[PDB]
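Coordinates from coords.csv are shown below (CSV, N, CA and C atoms).
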```
chain,number,residue,atom,x,y,z
M,1,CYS,N,-3.7,-37.3,-64.1
M,1,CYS,CA,-2.7,-38.5,-64.0
M,1,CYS,C,-2.8,-38.9,-62.5
M,2,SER,N,-1.8,-39.8,-62.1
M,2,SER,CA,-1.7,-40.3,-60.8
M,2,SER,C,-1.3,-39.2,-59.8
M,3,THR,N,-0.6,-38.2,-60.3
M,3,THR,CA,-0.1,-37.1,-59.5
M,3,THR,C,0.7,-37.6,-58.3
M,4,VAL,N,2.0,-37.6,-58.4
M,4,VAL,CA,2.8,-38.1,-57.3
M,4,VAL,C,2.9,-37.0,-56.2
M,5,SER,N,3.1,-35.8,-56.6
M,5,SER,CA,3.2,-34.7,-55.7
M,5,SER,C,2.3,-34.9,-54.5
M,6,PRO,N,1.0,-35.0,-54.7
M,6,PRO,CA,0.0,-35.1,-53.6
M,6,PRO,C,0.2,-36.5,-52.9
M,7,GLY,N,1.3,-37.1,-53.1
M,7,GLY,CA,1.6,-38.4,-52.5
M,7,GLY,C,2.8,-38.3,-51.5
M,8,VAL,N,4.0,-38.1,-52.1
M,8,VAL,CA,5.1,-37.9,-51.2
M,8,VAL,C,5.0,-36.7,-50.3
M,9,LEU,N,4.7,-35.6,-51.0
M,9,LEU,CA,4.5,-34.3,-50.2
M,9,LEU,C,3.4,-34.5,-49.2
M,10,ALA,N,2.3,-35.2,-49.7
M,10,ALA,CA,1.2,-35.5,-48.8
M,10,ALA,C,1.8,-36.2,-47.5
M,11,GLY,N,2.7,-37.1,-47.8
M,11,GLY,CA,3.4,-37.9,-46.7
M,11,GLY,C,4.1,-37.0,-45.8
M,12,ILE,N,4.7,-35.9,-46.3
M,12,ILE,CA,5.4,-34.9,-45.5
M,12,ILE,C,4.5,-34.3,-44.4
M,13,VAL,N,3.3,-33.9,-44.9
M,13,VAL,CA,2.4,-33.3,-44.0
M,13,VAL,C,2.0,-34.3,-42.9
M,14,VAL,N,1.8,-35.6,-43.3
M,14,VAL,CA,1.5,-36.6,-42.3
M,14,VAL,C,2.6,-36.8,-41.3
M,15,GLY,N,3.9,-36.7,-41.8
M,15,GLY,CA,5.0,-36.8,-40.9
M,15,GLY,C,5.1,-35.6,-39.9
M,16,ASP,N,4.7,-34.5,-40.4
M,16,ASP,CA,4.7,-33.3,-39.5
M,16,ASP,C,3.7,-33.5,-38.4
M,17,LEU,N,2.5,-34.1,-38.7
M,17,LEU,CA,1.5,-34.4,-37.7
M,17,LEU,C,2.1,-35.4,-36.6
M,18,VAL,N,2.8,-36.4,-37.1
M,18,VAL,CA,3.3,-37.4,-36.2
M,18,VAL,C,4.3,-36.7,-35.3
M,19,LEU,N,5.2,-35.8,-35.8
M,19,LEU,CA,6.2,-35.1,-35.0
M,19,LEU,C,5.5,-34.2,-34.0
M,20,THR,N,4.3,-33.7,-34.4
M,20,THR,CA,3.6,-32.8,-33.6
M,20,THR,C,3.2,-33.5,-32.3
M,21,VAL,N,2.5,-34.6,-32.4
M,21,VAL,CA,2.1,-35.4,-31.3
M,21,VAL,C,3.3,-36.0,-30.5
M,22,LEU,N,4.3,-36.5,-31.2
M,22,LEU,CA,5.4,-37.1,-30.6
M,22,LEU,C,6.2,-36.1,-29.8
M,23,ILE,N,6.6,-35.0,-30.4
M,23,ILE,CA,7.3,-33.9,-29.7
M,23,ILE,C,6.5,-33.4,-28.5
M,24,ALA,N,5.2,-33.0,-28.8
M,24,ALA,CA,4.4,-32.6,-27.7
M,24,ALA,C,4.5,-33.5,-26.5
M,25,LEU,N,4.4,-34.8,-26.7
M,25,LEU,CA,4.5,-35.7,-25.7
M,25,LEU,C,5.8,-35.5,-24.9
M,26,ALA,N,6.8,-35.3,-25.7
M,26,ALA,CA,8.2,-35.0,-25.1
M,26,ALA,C,8.1,-33.8,-24.2
M,27,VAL,N,7.3,-32.8,-24.6
M,27,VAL,CA,7.2,-31.6,-23.8
M,27,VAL,C,6.7,-32.0,-22.4
M,28,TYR,N,5.6,-32.8,-22.4
M,28,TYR,CA,5.0,-33.2,-21.2
M,28,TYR,C,6.0,-34.0,-20.3
M,29,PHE,N,6.7,-34.9,-21.0
M,29,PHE,CA,7.7,-35.8,-20.4
M,29,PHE,C,8.7,-34.9,-19.6
M,30,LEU,N,9.2,-33.8,-20.2
M,30,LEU,CA,10.1,-33.0,-19.5
M,30,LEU,C,9.5,-32.4,-18.2
M,31,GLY,N,8.2,-32.0,-18.3
M,31,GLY,CA,7.5,-31.4,-17.1
M,31,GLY,C,8.1,-30.1,-16.8
M,32,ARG,N,7.2,-29.1,-16.4
M,32,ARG,CA,7.7,-27.8,-16.0
M,32,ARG,C,8.4,-27.8,-14.7
N,1,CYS,N,-4.0,-33.8,-64.2
N,1,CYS,CA,-2.7,-34.4,-64.4
N,1,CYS,C,-1.6,-33.4,-64.2
N,2,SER,N,-0.9,-33.5,-63.1
N,2,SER,CA,0.2,-32.5,-62.8
N,2,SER,C,1.2,-33.1,-61.8
N,3,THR,N,2.3,-32.4,-61.6
N,3,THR,CA,3.3,-32.8,-60.6
N,3,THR,C,4.1,-31.6,-60.1
N,4,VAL,N,4.4,-31.7,-58.8
N,4,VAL,CA,5.2,-30.6,-58.1
N,4,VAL,C,4.8,-29.2,-58.7
N,5,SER,N,3.5,-29.1,-59.1
N,5,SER,CA,3.0,-27.9,-59.6
N,5,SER,C,2.5,-27.0,-58.5
N,6,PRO,N,1.8,-27.5,-57.5
N,6,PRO,CA,1.3,-26.8,-56.3
N,6,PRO,C,2.4,-25.8,-55.7
N,7,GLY,N,3.6,-26.3,-55.6
N,7,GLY,CA,4.6,-25.4,-55.0
N,7,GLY,C,4.4,-25.2,-53.5
N,8,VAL,N,3.1,-24.8,-53.2
N,8,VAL,CA,2.7,-24.6,-51.8
N,8,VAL,C,3.1,-25.9,-51.1
N,9,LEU,N,2.9,-27.0,-51.8
N,9,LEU,CA,3.3,-28.3,-51.1
N,9,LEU,C,4.7,-28.2,-50.7
N,10,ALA,N,5.6,-27.6,-51.5
N,10,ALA,CA,7.0,-27.4,-51.1
N,10,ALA,C,7.0,-26.6,-49.8
N,11,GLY,N,6.1,-25.7,-49.8
N,11,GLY,CA,6.0,-24.8,-48.6
N,11,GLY,C,5.6,-25.7,-47.4
N,12,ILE,N,5.0,-26.8,-47.6
N,12,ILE,CA,4.6,-27.7,-46.6
N,12,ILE,C,5.9,-28.4,-46.0
N,13,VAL,N,6.8,-28.7,-46.9
N,13,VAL,CA,8.0,-29.3,-46.5
N,13,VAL,C,8.8,-28.4,-45.6
N,14,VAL,N,9.0,-27.1,-46.1
N,14,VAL,CA,9.7,-26.1,-45.3
N,14,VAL,C,9.0,-25.9,-44.0
N,15,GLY,N,7.7,-25.9,-44.0
N,15,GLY,CA,6.9,-25.7,-42.8
N,15,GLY,C,7.1,-26.8,-41.8
N,16,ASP,N,7.3,-28.0,-42.3
N,16,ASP,CA,7.5,-29.1,-41.4
N,16,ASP,C,8.8,-29.0,-40.7
N,17,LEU,N,9.9,-28.7,-41.5
N,17,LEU,CA,11.2,-28.5,-40.9
N,17,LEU,C,11.2,-27.5,-39.8
N,18,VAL,N,10.7,-26.3,-40.0
N,18,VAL,CA,10.7,-25.3,-39.0
N,18,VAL,C,9.8,-25.7,-37.8
N,19,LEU,N,8.8,-26.6,-38.1
N,19,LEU,CA,7.9,-27.0,-37.0
N,19,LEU,C,8.7,-27.7,-36.0
N,20,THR,N,9.4,-28.8,-36.4
N,20,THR,CA,10.2,-29.6,-35.5
N,20,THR,C,11.2,-28.7,-34.8
N,21,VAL,N,11.9,-27.8,-35.5
N,21,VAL,CA,12.9,-26.9,-35.0
N,21,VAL,C,12.3,-26.0,-33.9
N,22,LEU,N,11.1,-25.4,-34.2
N,22,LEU,CA,10.5,-24.5,-33.3
N,22,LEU,C,10.2,-25.1,-31.9
N,23,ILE,N,9.4,-26.2,-32.0
N,23,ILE,CA,9.0,-26.9,-30.7
N,23,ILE,C,10.2,-27.5,-30.0
N,24,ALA,N,11.1,-28.1,-30.8
N,24,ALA,CA,12.3,-28.8,-30.3
N,24,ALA,C,13.1,-27.7,-29.6
N,25,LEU,N,13.2,-26.5,-30.2
N,25,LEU,CA,14.0,-25.4,-29.6
N,25,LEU,C,13.3,-24.9,-28.4
N,26,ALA,N,12.0,-25.0,-28.3
N,26,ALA,CA,11.3,-24.5,-27.1
N,26,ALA,C,11.7,-25.3,-25.9
N,27,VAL,N,11.6,-26.7,-26.0
N,27,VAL,CA,12.0,-27.5,-24.9
N,27,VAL,C,13.5,-27.4,-24.6
N,28,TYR,N,14.3,-27.3,-25.7
N,28,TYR,CA,15.8,-27.2,-25.5
N,28,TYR,C,16.1,-25.9,-24.7
N,29,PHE,N,15.3,-24.9,-24.9
N,29,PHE,CA,15.6,-23.6,-24.2
N,29,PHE,C,15.6,-23.8,-22.7
N,30,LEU,N,14.6,-24.5,-22.2
N,30,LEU,CA,14.5,-24.8,-20.7
N,30,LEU,C,15.6,-25.8,-20.3
N,31,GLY,N,15.8,-26.8,-21.1
N,31,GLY,CA,16.9,-27.8,-20.8
N,31,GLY,C,18.3,-27.2,-20.9
N,32,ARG,N,19.1,-27.6,-19.9
N,32,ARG,CA,20.5,-27.0,-19.9
N,32,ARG,C,21.3,-27.9,-19.0
N,33,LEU,N,21.6,-29.1,-19.4
N,33,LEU,CA,22.4,-30.0,-18.6
N,33,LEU,C,22.0,-30.0,-17.2
N,34,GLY,N,21.0,-30.9,-16.8
N,34,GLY,CA,20.5,-31.0,-15.5
N,34,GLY,C,19.2,-31.7,-15.4
N,35,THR,N,18.4,-31.6,-16.5
N,35,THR,CA,17.1,-32.2,-16.5
N,35,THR,C,17.3,-33.7,-16.8
N,36,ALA,N,18.5,-34.1,-17.4
N,36,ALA,CA,18.8,-35.5,-17.7
N,36,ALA,C,17.7,-36.0,-18.7
N,37,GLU,N,17.9,-37.2,-19.2
N,37,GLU,CA,17.0,-37.8,-20.1
N,37,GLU,C,16.9,-36.9,-21.4
N,38,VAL,N,17.8,-36.0,-21.5
N,38,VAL,CA,17.8,-35.1,-22.6
N,38,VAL,C,17.8,-35.9,-23.9
N,39,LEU,N,18.4,-37.1,-23.9
N,39,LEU,CA,18.5,-37.9,-25.1
N,39,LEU,C,17.2,-37.9,-25.8
N,40,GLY,N,16.1,-37.8,-25.1
N,40,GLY,CA,14.8,-37.8,-25.7
N,40,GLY,C,14.7,-36.8,-26.8
N,41,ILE,N,15.1,-35.6,-26.5
N,41,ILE,CA,15.0,-34.5,-27.5
N,41,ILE,C,15.8,-34.9,-28.8
N,42,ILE,N,17.0,-35.5,-28.6
N,42,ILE,CA,17.8,-35.9,-29.7
N,42,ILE,C,17.1,-37.0,-30.5
N,43,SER,N,16.4,-37.9,-29.8
N,43,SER,CA,15.7,-39.0,-30.5
N,43,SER,C,14.6,-38.4,-31.5
N,44,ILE,N,13.8,-37.6,-31.0
N,44,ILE,CA,12.7,-37.0,-31.8
N,44,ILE,C,13.3,-36.2,-33.0
N,45,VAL,N,14.4,-35.4,-32.7
N,45,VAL,CA,15.0,-34.6,-33.8
N,45,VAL,C,15.6,-35.6,-34.8
N,46,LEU,N,16.0,-36.8,-34.4
N,46,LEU,CA,16.7,-37.7,-35.3
N,46,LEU,C,15.6,-38.4,-36.2
N,47,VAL,N,14.5,-38.8,-35.7
N,47,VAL,CA,13.5,-39.4,-36.6
N,47,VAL,C,12.9,-38.4,-37.5
N,48,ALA,N,12.8,-37.1,-37.1
N,48,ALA,CA,12.2,-36.1,-37.9
N,48,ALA,C,13.2,-35.8,-39.1
N,49,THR,N,14.4,-35.5,-38.8
N,49,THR,CA,15.4,-35.2,-39.9
N,49,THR,C,15.5,-36.3,-40.9
N,50,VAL,N,15.6,-37.5,-40.4
N,50,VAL,CA,15.7,-38.7,-41.3
N,50,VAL,C,14.4,-39.0,-42.0
N,51,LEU,N,13.3,-38.7,-41.4
N,51,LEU,CA,12.0,-38.9,-42.1
N,51,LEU,C,11.8,-38.1,-43.3
N,52,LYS,N,11.9,-36.8,-43.1
N,52,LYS,CA,11.7,-35.9,-44.2
N,52,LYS,C,12.8,-36.1,-45.3
N,53,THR,N,14.1,-36.1,-44.8
N,53,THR,CA,15.2,-36.3,-45.6
N,53,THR,C,15.2,-37.6,-46.4
N,54,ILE,N,14.8,-38.7,-45.8
N,54,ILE,CA,14.8,-40.0,-46.5
N,54,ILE,C,13.6,-40.1,-47.5
N,55,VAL,N,12.4,-39.7,-47.1
N,55,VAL,CA,11.3,-39.9,-48.0
N,55,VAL,C,11.3,-38.8,-49.1
N,56,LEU,N,11.8,-37.6,-48.8
N,56,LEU,CA,11.8,-36.5,-49.7
N,56,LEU,C,13.0,-36.5,-50.7
N,57,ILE,N,14.2,-36.9,-50.3
N,57,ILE,CA,15.3,-36.9,-51.3
N,57,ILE,C,15.1,-37.9,-52.4
N,58,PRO,N,15.1,-39.2,-52.2
N,58,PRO,CA,14.9,-40.2,-53.3
N,58,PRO,C,13.8,-39.8,-54.3
N,59,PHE,N,12.8,-39.0,-53.8
N,59,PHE,CA,11.7,-38.6,-54.7
N,59,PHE,C,12.1,-37.3,-55.4
N,60,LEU,N,12.2,-36.2,-54.6
N,60,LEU,CA,12.5,-34.9,-55.2
N,60,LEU,C,13.9,-35.0,-55.9
N,61,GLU,N,14.7,-36.0,-55.7
N,61,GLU,CA,16.0,-36.2,-56.3
N,61,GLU,C,15.8,-36.7,-57.8
N,62,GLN,N,16.5,-36.1,-58.7
N,62,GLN,CA,16.5,-36.5,-60.1
N,62,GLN,C,17.0,-37.9,-60.3
N,63,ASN,N,16.1,-38.9,-60.1
N,63,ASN,CA,16.4,-40.3,-60.3
N,63,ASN,C,17.6,-40.6,-59.3
```

Translate the structure of the given file into structure tokens.
Amino acid sequence: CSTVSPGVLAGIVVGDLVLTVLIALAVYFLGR
Amino acid sequence: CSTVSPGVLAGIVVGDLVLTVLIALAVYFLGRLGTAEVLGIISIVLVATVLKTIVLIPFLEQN
């Protein structure tokens, strides 16, 4: 079938990646 | 032809939540009223919570 699971859930992994780069950038922004 | 069968995918959802919390907590640890611009941490935590929550609920929700 079209299988929705590999769609929305797939989107969650994508969201995690976005937060990974965004947050990381925030880490650099803070600076040690 | 299947749906929400993987389950592991669900594990991906949980993994994402703890991901934001772990890194966010890492930076928050150092921050302690003084670094200013702390609002940034709140911003990222906001888009994360609403992103998973908004895309995941309407779907995982029973209609």

(request) Fewer than 6 positions away in the same chain doesn't count, so skip those; otherwise give me all residues within 7 Å of range 13-25 of chain M, counting only N, CA and C atoms, as a PyMOL selection string. (result) chain N and resi 12-13+16+20+44+48

Output N, CA and C atoms of each residue in that selection to a file, as a PDB file, in the frame of the given file.
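This is the output file part.pdb:
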```
ATOM      1  N   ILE N  12       5.000 -26.800 -47.600  1.00  0.00           N
ATOM      2  CA  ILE N  12       4.600 -27.700 -46.600  1.00  0.00           C
ATOM      3  C   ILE N  12       5.900 -28.400 -46.000  1.00  0.00           C
ATOM      4  N   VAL N  13       6.800 -28.700 -46.900  1.00  0.00           N
ATOM      5  CA  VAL N  13       8.000 -29.300 -46.500  1.00  0.00           C
ATOM      6  C   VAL N  13       8.800 -28.400 -45.600  1.00  0.00           C
ATOM      7  N   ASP N  16       7.300 -28.000 -42.300  1.00  0.00           N
ATOM      8  CA  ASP N  16       7.500 -29.100 -41.400  1.00  0.00           C
ATOM      9  C   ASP N  16       8.800 -29.000 -40.700  1.00  0.00           C
ATOM     10  N   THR N  20       9.400 -28.800 -36.400  1.00  0.00           N
ATOM     11  CA  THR N  20      10.200 -29.600 -35.500  1.00  0.00           C
ATOM     12  C   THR N  20      11.200 -28.700 -34.800  1.00  0.00           C
ATOM     13  N   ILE N  44      13.800 -37.600 -31.000  1.00  0.00           N
ATOM     14  CA  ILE N  44      12.700 -37.000 -31.800  1.00  0.00           C
ATOM     15  C   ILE N  44      13.300 -36.200 -33.000  1.00  0.00           C
ATOM     16  N   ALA N  48      12.800 -37.100 -37.100  1.00  0.00           N
ATOM     17  CA  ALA N  48      12.200 -36.100 -37.900  1.00  0.00           C
ATOM     18  C   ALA N  48      13.200 -35.800 -39.100  1.00  0.00           C
TER      19      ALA N  48
END
```

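Closest approach to residue 42 in chain N from the set M:2, M:12, M:26, M:7 is made by M:26, with distances taken over only C-alpha atoms.
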
Per-residue nearest contacts of chain M to chain N (5 Å; all atoms listed in the file) as a tab-separated table:
```
residue	atom	partner	partner_atom	distance
M:1	N	N:1	CA	3.1
M:3	CA	N:2	C	4.8
M:5	CA	N:4	N	4.5
```

Just N, CA and C atoms for this one: save the residues we selected as a PDB file, in the frame of the given file.
```
ATOM      1  N   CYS M   1      -3.700 -37.300 -64.100  1.00  0.00           N
ATOM      2  CA  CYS M   1      -2.700 -38.500 -64.000  1.00  0.00           C
ATOM      3  C   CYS M   1      -2.800 -38.900 -62.500  1.00  0.00           C
ATOM      4  N   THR M   3      -0.600 -38.200 -60.300  1.00  0.00           N
ATOM      5  CA  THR M   3      -0.100 -37.100 -59.500  1.00  0.00           C
ATOM      6  C   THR M   3       0.700 -37.600 -58.300  1.00  0.00           C
ATOM      7  N   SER M   5       3.100 -35.800 -56.600  1.00  0.00           N
ATOM      8  CA  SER M   5       3.200 -34.700 -55.700  1.00  0.00           C
ATOM      9  C   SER M   5       2.300 -34.900 -54.500  1.00  0.00           C
TER      10      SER M   5
END
```

(request) DSSP on the backbone, then: every residue of chain M marked helix (DSSP H, G or I), written as a PyMOL selection string. (result) chain M and resi 5-30

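CA of residue 11 in chain M sits 18.7 Å away from CA of residue 21 in chain N.
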